[PDB]
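**Student:** Structure incoming, see below.
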Amino acid sequence: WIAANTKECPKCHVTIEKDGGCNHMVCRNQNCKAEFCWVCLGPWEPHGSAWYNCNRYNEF
Ligand SMILES: [Zn+2]
């Protein structure tokens, strides 16, 4: 049961199609410079059940 979806940053509200300027991590570019939700932040990939990376949440 993986609840996720594709969308723009919530705390930043800056839609991005191609990964440009923001590396896959805690989005901290411009509007995102302040806060981001977790590392993944509800991506779609995790929906594959660890098919690509693993899930929408990594340990510490
Ligand atoms: Zn962001």
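Residue names in the structure tokens use chain letters A, B, ... in the order shown, residue numbers from 1 in each chain, and ligand numbers from 1 in the order shown.
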Enumerate residues in contact with ligand 1: an atom-to-atom distance of at most 8 Å, counting only C-alpha atoms and all ligand atoms. Format the result as a PDB file with C-alpha atoms, in the first residue's frame.

**Tutor:**
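Full text of selection37.pdb as output:
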ATOM      1  CA  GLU A   8       5.043  20.259  -7.433  1.00  0.00           C
ATOM      2  CA  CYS A   9       6.762  20.987  -4.121  1.00  0.00           C
ATOM      3  CA  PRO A  10       4.137  21.732  -1.406  1.00  0.00           C
ATOM      4  CA  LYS A  11       6.222  23.917   0.909  1.00  0.00           C
ATOM      5  CA  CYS A  12       7.870  25.544  -2.116  1.00  0.00           C
ATOM      6  CA  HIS A  13       5.034  25.425  -4.670  1.00  0.00           C
ATOM      7  CA  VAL A  14       7.424  25.411  -7.636  1.00  0.00           C
ATOM      8  CA  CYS A  22      17.348  20.913  -7.492  1.00  0.00           C
ATOM      9  CA  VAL A  26      15.902  18.305   0.562  1.00  0.00           C
ATOM     10  CA  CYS A  27      14.833  20.861  -2.065  1.00  0.00           C
ATOM     11  CA  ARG A  28      16.564  24.076  -1.044  1.00  0.00           C
ATOM     12  CA  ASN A  29      16.867  26.114  -4.269  1.00  0.00           C
ATOM     13  CA  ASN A  31      11.251  28.964  -2.825  1.00  0.00           C
ATOM     14  CA  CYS A  32      12.318  25.518  -1.711  1.00  0.00           C
ATOM     15  CA  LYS A  33      15.388  27.009  -0.008  1.00  0.00           C
ATOM     16  CA  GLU A  35      11.784  23.564   3.698  1.00  0.00           C
ATOM     17  CA  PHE A  36      11.018  20.284   1.917  1.00  0.00           C
TER      18      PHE A  36
END

**Student:** Got a sec: who's within 8 Å of residue 5 (chain A), counting only C-alpha atoms, leaving out chain neighbours fewer than 5 positions off, as a list in words?

**Tutor:**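 The contact residues come out as residues 42, 43 and 44 of chain A.
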
**Student:** Generate the output file for the selected residues, C-alpha atoms, as a PDB file, in the first residue's frame.

**Tutor:**
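So selection02.pdb came out as:
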ATOM      1  CA  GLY A  42       5.819  11.372  -2.227  1.00  0.00           C
ATOM      2  CA  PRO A  43       7.472  10.495  -5.627  1.00  0.00           C
ATOM      3  CA  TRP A  44       5.822   8.040  -8.028  1.00  0.00           C
TER       4      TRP A  44
END

**Student:** Which value, in Å to one decimal, gives the distance between CA of residue 45 (chain A) and CA of residue 24 (chain A)?

**Tutor:**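 Going from CA of residue 45 (chain A) over to CA of residue 24 (chain A), I get 12.6 Å.
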
**Student:** Quick one: pull the distance between CA of residue 54 (chain A) and CA of residue 30 (chain A), Å, one decimal.

**Tutor:**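 Result for CA of residue 54 (chain A) versus CA of residue 30 (chain A): 28.2 Å, one decimal.
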
**Student:** Here is a test: counting only C-alpha atoms, which residue of A:2, A:15, A:38, A:7 is nearest to residue 60 (chain A)?

**Tutor:**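 So, comparing all the options, the nearest one is A:38.
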
**Student:** Of the residues A:55, A:25, A:47, A:20, which is the one nearest to residue 6 (chain A), using only C-alpha atoms?

**Tutor:** A:47

**Student:** How many Å separate CA of residue 4 (chain A) from CA of residue 46 (chain A)?

**Tutor:** 7.8 Å

**Student:** My list of candidates is A:3, A:16, A:34, A:40. Which is closest to residue 56 (chain A) when distances are computed with only C-alpha atoms?

**Tutor:** A:40
